[PDB]
Amino acid sequence: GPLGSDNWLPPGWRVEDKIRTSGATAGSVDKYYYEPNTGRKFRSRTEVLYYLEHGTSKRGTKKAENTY
């Protein structure tokens, strides 16, 4: 039966299996989440949860001006 890892992700959300690209500690497995709504993808559920919470990426800046 299904693992239930994406038991939270709806039909709209898609999950893809991706094996670790590392080598020293590689050998694991990490699934990704793709959102057809905006075509956004996530590597970990935590990232998806954060996006869903804000209801959008809302990516901005918070670094100092760093200008003379």
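Per-structure values
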read-out: Exposed trypsin sites (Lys or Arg not before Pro) absent: longest stretch of the chain, with sites in DSSP loops and at most 14 other Cβ within 10 Å deemed exposed; value: 21-42
read-out: Angle in degrees between helix 45-54 and the longest Cα principal axis of the chain, rounded to the nearest 10; value: 50 degrees
read-out: Dipole in debye (nearest 20) - the chain, about Cα centre, beta carbon charges: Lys, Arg +1; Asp, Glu -1; value: 200 debye
read-out: Residue with peak Gaussian network fluctuation, the chain [Cα springs, cutoff 10 Å], from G55, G39, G27; value: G27
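Every number in this text was worked out from the coordinates using simple rules, so none of it is lab data. We place every Cβ from the backbone using ideal geometry, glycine too, and count neighbours over all the protein chains shown.
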